[PDB]
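Undergrad: Structure file protein33.cif, mmCIF, C-alpha atoms, is pasted below:
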```cif
data_structure
loop_
_atom_site.group_PDB
_atom_site.id
_atom_site.type_symbol
_atom_site.label_atom_id
_atom_site.label_comp_id
_atom_site.auth_asym_id
_atom_site.auth_seq_id
_atom_site.Cartn_x
_atom_site.Cartn_y
_atom_site.Cartn_z
ATOM 1 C CA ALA A 2 -9.601 -18.031 11.357
ATOM 2 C CA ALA A 3 -6.062 -17.413 10.106
ATOM 3 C CA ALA A 4 -6.113 -15.417 6.880
ATOM 4 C CA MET A 5 -3.713 -15.348 3.959
ATOM 5 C CA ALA A 6 -4.450 -13.627 0.679
ATOM 6 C CA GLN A 7 -8.005 -12.412 1.366
ATOM 7 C CA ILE A 8 -10.547 -11.308 -1.228
ATOM 8 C CA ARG A 9 -12.900 -8.302 -1.175
ATOM 9 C CA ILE A 10 -15.641 -8.577 -3.759
ATOM 10 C CA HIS A 11 -16.409 -5.104 -5.047
ATOM 11 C CA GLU A 12 -20.066 -4.216 -5.646
ATOM 12 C CA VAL A 13 -21.468 -6.244 -2.773
ATOM 13 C CA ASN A 14 -18.615 -5.440 -0.303
ATOM 14 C CA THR A 15 -18.002 -9.053 0.786
ATOM 15 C CA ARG A 16 -14.859 -10.609 2.044
ATOM 16 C CA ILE A 17 -13.721 -14.180 1.662
ATOM 17 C CA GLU A 18 -11.020 -14.875 4.211
ATOM 18 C CA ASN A 19 -11.080 -18.523 5.040
ATOM 19 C CA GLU A 20 -8.117 -19.749 3.070
ATOM 20 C CA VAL A 21 -9.710 -22.760 1.351
ATOM 21 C CA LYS A 22 -12.683 -20.589 0.207
ATOM 22 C CA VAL A 23 -10.174 -18.097 -1.252
ATOM 23 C CA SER A 24 -7.984 -20.475 -3.200
ATOM 24 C CA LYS A 25 -11.062 -22.223 -4.586
ATOM 25 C CA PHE A 26 -12.478 -18.786 -5.514
ATOM 26 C CA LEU A 27 -9.350 -17.716 -7.309
ATOM 27 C CA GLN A 28 -9.385 -21.096 -9.068
ATOM 28 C CA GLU A 29 -12.891 -20.374 -10.567
ATOM 29 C CA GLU A 30 -11.684 -17.005 -11.829
ATOM 30 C CA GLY A 31 -8.559 -18.329 -13.614
ATOM 31 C CA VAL A 32 -6.061 -16.919 -11.076
ATOM 32 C CA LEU A 33 -3.311 -19.016 -9.578
ATOM 33 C CA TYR A 34 -2.537 -18.461 -5.936
ATOM 34 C CA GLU A 35 0.340 -20.214 -4.222
ATOM 35 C CA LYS A 36 1.908 -19.774 -0.835
ATOM 36 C CA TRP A 37 5.666 -20.263 -0.685
ATOM 37 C CA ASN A 38 8.019 -20.546 2.297
ATOM 38 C CA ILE A 39 8.467 -16.886 3.080
ATOM 39 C CA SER A 40 10.081 -18.296 6.261
ATOM 40 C CA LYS A 41 12.854 -19.625 3.941
ATOM 41 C CA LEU A 42 13.734 -15.923 3.722
ATOM 42 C CA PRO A 43 16.707 -14.548 5.700
ATOM 43 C CA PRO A 44 16.062 -11.937 8.318
ATOM 44 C CA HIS A 45 18.278 -9.341 6.596
ATOM 45 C CA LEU A 46 16.056 -9.494 3.545
ATOM 46 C CA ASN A 47 12.853 -9.488 5.678
ATOM 47 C CA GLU A 48 11.308 -6.031 5.035
ATOM 48 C CA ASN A 49 14.362 -4.661 3.210
ATOM 49 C CA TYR A 50 13.362 -2.155 0.458
ATOM 50 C CA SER A 51 16.876 -0.655 0.287
ATOM 51 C CA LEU A 52 17.661 -3.593 -2.030
ATOM 52 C CA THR A 53 21.079 -4.031 -3.586
ATOM 53 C CA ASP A 54 22.018 -6.364 -6.452
ATOM 54 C CA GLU A 55 23.656 -8.928 -4.078
ATOM 55 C CA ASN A 56 20.260 -8.768 -2.321
ATOM 56 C CA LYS A 57 17.992 -9.227 -5.312
ATOM 57 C CA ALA A 58 20.080 -12.118 -6.707
ATOM 58 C CA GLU A 59 19.802 -13.813 -3.285
ATOM 59 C CA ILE A 60 16.060 -13.292 -2.936
ATOM 60 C CA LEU A 61 16.095 -15.013 -6.367
ATOM 61 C CA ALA A 62 18.441 -17.753 -5.144
ATOM 62 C CA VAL A 63 16.305 -18.525 -2.094
ATOM 63 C CA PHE A 64 13.265 -19.088 -4.341
ATOM 64 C CA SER A 65 14.959 -20.502 -7.430
ATOM 65 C CA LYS A 66 12.926 -23.730 -7.412
ATOM 66 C CA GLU A 67 9.544 -22.143 -6.842
ATOM 67 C CA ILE A 68 10.343 -19.831 -9.698
ATOM 68 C CA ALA A 69 11.526 -22.718 -11.760
ATOM 69 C CA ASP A 70 8.240 -24.546 -11.235
ATOM 70 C CA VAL A 71 6.046 -21.548 -11.991
ATOM 71 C CA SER A 72 8.159 -20.626 -14.988
ATOM 72 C CA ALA A 73 7.834 -24.255 -16.212
ATOM 73 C CA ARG A 74 4.042 -24.373 -15.619
ATOM 74 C CA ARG A 75 3.319 -21.283 -17.762
ATOM 75 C CA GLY A 76 6.557 -21.699 -19.826
ATOM 76 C CA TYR A 77 8.022 -18.336 -18.706
ATOM 77 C CA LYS A 78 11.504 -16.895 -19.432
ATOM 78 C CA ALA A 79 12.869 -14.302 -16.941
ATOM 79 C CA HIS A 80 12.459 -12.793 -13.518
ATOM 80 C CA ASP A 81 13.695 -9.830 -11.538
ATOM 81 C CA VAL A 82 12.993 -7.988 -8.253
ATOM 82 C CA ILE A 83 11.457 -4.586 -7.575
ATOM 83 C CA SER A 84 10.950 -2.745 -4.288
ATOM 84 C CA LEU A 85 8.360 0.008 -4.090
ATOM 85 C CA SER A 86 8.241 2.215 -1.049
ATOM 86 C CA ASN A 87 8.506 5.825 0.033
ATOM 87 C CA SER A 88 12.153 6.586 -0.818
ATOM 88 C CA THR A 89 11.653 5.469 -4.388
ATOM 89 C CA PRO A 90 11.842 8.983 -5.788
ATOM 90 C CA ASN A 91 9.216 8.012 -8.414
ATOM 91 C CA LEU A 92 6.685 5.827 -6.609
ATOM 92 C CA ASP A 93 3.500 7.809 -7.429
ATOM 93 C CA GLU A 94 4.476 8.223 -11.092
ATOM 94 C CA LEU A 95 5.066 4.473 -11.499
ATOM 95 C CA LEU A 96 2.031 3.284 -9.609
ATOM 96 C CA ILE A 97 -0.315 5.587 -11.566
ATOM 97 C CA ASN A 98 0.288 3.630 -14.773
ATOM 98 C CA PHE A 99 -1.009 0.359 -13.224
ATOM 99 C CA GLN A 100 -3.812 1.776 -11.133
ATOM 100 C CA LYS A 101 -5.447 2.512 -14.482
ATOM 101 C CA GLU A 102 -7.549 -0.538 -15.395
ATOM 102 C CA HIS A 103 -5.641 -2.630 -17.931
ATOM 103 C CA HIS A 104 -4.804 -6.085 -19.211
ATOM 104 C CA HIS A 105 -1.787 -7.844 -20.673
ATOM 105 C CA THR A 106 -1.486 -10.430 -23.433
ATOM 106 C CA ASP A 107 0.422 -12.590 -20.950
ATOM 107 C CA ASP A 108 -0.171 -13.753 -17.433
ATOM 108 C CA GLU A 109 1.190 -11.277 -14.920
ATOM 109 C CA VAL A 110 2.853 -13.285 -12.215
ATOM 110 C CA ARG A 111 4.202 -11.818 -8.996
ATOM 111 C CA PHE A 112 5.400 -13.165 -5.687
ATOM 112 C CA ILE A 113 5.281 -10.901 -2.669
ATOM 113 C CA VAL A 114 8.605 -10.979 -0.811
ATOM 114 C CA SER A 115 7.781 -8.274 1.766
ATOM 115 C CA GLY A 116 5.154 -5.561 2.315
ATOM 116 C CA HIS A 117 1.675 -5.807 0.796
ATOM 117 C CA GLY A 118 -0.253 -5.233 -2.418
ATOM 118 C CA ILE A 119 -3.738 -5.445 -3.932
ATOM 119 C CA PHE A 120 -4.739 -6.608 -7.379
ATOM 120 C CA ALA A 121 -8.241 -5.551 -8.268
ATOM 121 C CA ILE A 122 -9.265 -8.082 -10.949
ATOM 122 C CA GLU A 123 -12.319 -8.305 -13.204
ATOM 123 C CA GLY A 124 -14.193 -11.535 -12.351
ATOM 124 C CA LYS A 125 -15.669 -13.984 -14.884
ATOM 125 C CA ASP A 126 -19.250 -13.050 -13.989
ATOM 126 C CA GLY A 127 -18.270 -9.392 -14.626
ATOM 127 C CA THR A 128 -17.625 -8.105 -11.102
ATOM 128 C CA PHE A 129 -14.251 -6.947 -9.778
ATOM 129 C CA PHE A 130 -12.620 -8.324 -6.658
ATOM 130 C CA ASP A 131 -9.605 -7.346 -4.691
ATOM 131 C CA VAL A 132 -6.890 -9.853 -4.059
ATOM 132 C CA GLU A 133 -5.072 -8.562 -0.997
ATOM 133 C CA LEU A 134 -1.560 -10.017 -0.903
ATOM 134 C CA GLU A 135 0.941 -10.489 1.955
ATOM 135 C CA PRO A 136 4.581 -11.800 1.953
ATOM 136 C CA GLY A 137 4.614 -15.350 0.581
ATOM 137 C CA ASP A 138 1.709 -14.923 -1.857
ATOM 138 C CA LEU A 139 2.241 -15.948 -5.463
ATOM 139 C CA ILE A 140 -0.329 -14.667 -7.962
ATOM 140 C CA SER A 141 -0.797 -15.064 -11.671
ATOM 141 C CA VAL A 142 -3.251 -12.707 -13.345
ATOM 142 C CA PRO A 143 -4.272 -14.490 -16.612
ATOM 143 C CA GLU A 144 -3.769 -12.879 -19.961
ATOM 144 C CA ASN A 145 -6.720 -10.612 -20.895
ATOM 145 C CA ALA A 146 -8.055 -10.310 -17.361
ATOM 146 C CA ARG A 147 -8.859 -6.652 -16.723
ATOM 147 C CA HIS A 148 -7.215 -5.411 -13.571
ATOM 148 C CA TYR A 149 -5.464 -2.696 -11.750
ATOM 149 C CA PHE A 150 -2.955 -2.801 -8.914
ATOM 150 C CA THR A 151 -2.501 -0.934 -5.662
ATOM 151 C CA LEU A 152 -0.271 -0.829 -2.590
ATOM 152 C CA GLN A 153 -1.993 -1.293 0.769
ATOM 153 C CA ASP A 154 -2.167 1.249 3.604
ATOM 154 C CA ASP A 155 1.521 0.416 4.333
ATOM 155 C CA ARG A 156 2.534 1.871 0.895
ATOM 156 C CA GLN A 157 5.455 -0.531 0.370
ATOM 157 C CA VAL A 158 5.969 -3.696 -1.628
ATOM 158 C CA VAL A 159 8.834 -5.901 -2.760
ATOM 159 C CA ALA A 160 7.774 -8.372 -5.495
ATOM 160 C CA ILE A 161 9.371 -10.904 -7.848
ATOM 161 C CA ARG A 162 8.278 -10.051 -11.321
ATOM 162 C CA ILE A 163 8.320 -13.280 -13.280
ATOM 163 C CA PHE A 164 7.887 -13.119 -17.072
ATOM 164 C CA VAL A 165 6.285 -15.125 -19.875
ATOM 165 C CA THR A 166 7.686 -12.620 -22.412
ATOM 166 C CA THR A 167 9.497 -9.288 -22.438
ATOM 167 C CA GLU A 168 6.494 -7.600 -24.080
ATOM 168 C CA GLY A 169 3.896 -8.751 -21.551
ATOM 169 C CA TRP A 170 4.184 -6.381 -18.588
ATOM 170 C CA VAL A 171 3.014 -3.750 -21.031
ATOM 171 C CA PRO A 172 -0.465 -2.420 -20.059
ATOM 172 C CA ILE A 173 -3.259 -2.559 -22.625
ATOM 173 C CA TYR A 174 -5.656 0.135 -21.458
#
```
Could you take the file, read its structure, and then write that structure out as structure tokens?
TA:
Amino acid sequence: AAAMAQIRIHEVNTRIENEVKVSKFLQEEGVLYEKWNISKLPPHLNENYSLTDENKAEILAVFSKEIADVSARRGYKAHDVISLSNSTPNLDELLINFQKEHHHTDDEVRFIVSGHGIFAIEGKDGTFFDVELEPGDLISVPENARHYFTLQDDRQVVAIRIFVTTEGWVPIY
């Protein structure tokens, strides 16, 4: 009963928390889930949303190999880092775009560096489920999966946006 990356299935309000049951579940639905060594992260970068460019390029350096592997697996090109939190003067106005149910023509892959997030993703059967993400969680939302995204009750995330193509973060509503 230690939980990482829990699922809340929507219409039947059910939670899968045991971590083998979750990774298997996400496997059935076409979604990659990996856990990386978030403990390979320095303390200064632990929960730092006032991120500078020397910071972002180090977060990237720490996880270069994991990125490499995931980029190789899905044949992706680039990566960056974004921090969302109160004290982003435009949080609401950004988030609103991706809370609207959408899909992309590429996988959307994200690794949670600090804070939390939730991807609500349309299952194969037809039912949505929430994928509640903590620091250390890597997630790929497959191309054409219908989803939306949301911050948790903490209202702050820092993620590594990894990219198949430039044109694939674009929401198709």
Undergrad: Nearest residue to residue 49 of chain A out of A:92, A:121, A:2, A:85, using all atoms listed in the file?
TA: A:85
Undergrad: Name all residues at most 12 Å from residue 171 of chain A (count all atoms listed in the file; drop same-chain ones fewer than 4 positions away) and give them as a ChimeraX atom specification.
TA: /A:98-99,103-109,144-145,164-167
Undergrad: What do you get, as a ChimeraX atom specification, if you spell out every residue that the PyMOL selection byres ((chain A and resi 140) around 6) selects here?
TA: /A:33-34,110-111,139,141
Undergrad: Given the selection you just returned, output its residues as a file containing C-alpha atoms, formatted as a short mmCIF file (atom, residue, chain, number, x, y, z; two decimals), keeping the file's coordinate frame.
TA:
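Okay, this is what ended up in out-v8.cif:
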```
data_model
loop_
_atom_site.label_atom_id
_atom_site.label_comp_id
_atom_site.auth_asym_id
_atom_site.auth_seq_id
_atom_site.Cartn_x
_atom_site.Cartn_y
_atom_site.Cartn_z
CA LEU A 33 -3.31 -19.02 -9.58
CA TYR A 34 -2.54 -18.46 -5.94
CA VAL A 110 2.85 -13.28 -12.22
CA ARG A 111 4.20 -11.82 -9.00
CA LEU A 139 2.24 -15.95 -5.46
CA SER A 141 -0.80 -15.06 -11.67
#
```
Undergrad: What residues have an atom no more than 10 Å from (-10.4, -15.3, 0.4) in the file's own frame, counting only C-alpha atoms, and can you write them as a PDB file with C-alpha atoms, in the frame of the given file?
TA:
```
ATOM      1  CA  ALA A   4      -6.113 -15.417   6.880  1.00  0.00           C
ATOM      2  CA  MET A   5      -3.713 -15.348   3.959  1.00  0.00           C
ATOM      3  CA  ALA A   6      -4.450 -13.627   0.679  1.00  0.00           C
ATOM      4  CA  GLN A   7      -8.005 -12.412   1.366  1.00  0.00           C
ATOM      5  CA  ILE A   8     -10.547 -11.308  -1.228  1.00  0.00           C
ATOM      6  CA  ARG A   9     -12.900  -8.302  -1.175  1.00  0.00           C
ATOM      7  CA  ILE A  10     -15.641  -8.577  -3.759  1.00  0.00           C
ATOM      8  CA  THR A  15     -18.002  -9.053   0.786  1.00  0.00           C
ATOM      9  CA  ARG A  16     -14.859 -10.609   2.044  1.00  0.00           C
ATOM     10  CA  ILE A  17     -13.721 -14.180   1.662  1.00  0.00           C
ATOM     11  CA  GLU A  18     -11.020 -14.875   4.211  1.00  0.00           C
ATOM     12  CA  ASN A  19     -11.080 -18.523   5.040  1.00  0.00           C
ATOM     13  CA  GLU A  20      -8.117 -19.749   3.070  1.00  0.00           C
ATOM     14  CA  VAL A  21      -9.710 -22.760   1.351  1.00  0.00           C
ATOM     15  CA  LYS A  22     -12.683 -20.589   0.207  1.00  0.00           C
ATOM     16  CA  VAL A  23     -10.174 -18.097  -1.252  1.00  0.00           C
ATOM     17  CA  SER A  24      -7.984 -20.475  -3.200  1.00  0.00           C
ATOM     18  CA  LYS A  25     -11.062 -22.223  -4.586  1.00  0.00           C
ATOM     19  CA  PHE A  26     -12.478 -18.786  -5.514  1.00  0.00           C
ATOM     20  CA  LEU A  27      -9.350 -17.716  -7.309  1.00  0.00           C
ATOM     21  CA  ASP A 131      -9.605  -7.346  -4.691  1.00  0.00           C
ATOM     22  CA  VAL A 132      -6.890  -9.853  -4.059  1.00  0.00           C
ATOM     23  CA  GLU A 133      -5.072  -8.562  -0.997  1.00  0.00           C
TER      24      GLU A 133
END
```
Undergrad: Under the PyMOL selection byres ((chain A and resi 155) around 10), which residues of this model are included? Write them out as a VMD selection string.
TA: chain A and resid 86 to 87 116 to 118 152 to 154 156 to 158
Undergrad: Write out as a list in words the residues lying within 10 Å of residue 68 of chain A, counting all atoms listed in the file and excluding same-chain residues fewer than 5 positions away.
TA: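 Near neighbours after the sequence-gap exclusion: residues 61, 62, 63, 73, 74, 77, 79, 80, 112, 139, 161 and 163 of chain A.
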Undergrad: With all atoms listed in the file as the basis for distance, which of A:100, A:172, A:159, A:67 is at the shortest distance from residue 51 of chain A?
TA: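 Of A:100, A:172, A:159, A:67, the one nearest residue 51 of chain A, counting all atoms listed in the file, is A:159.
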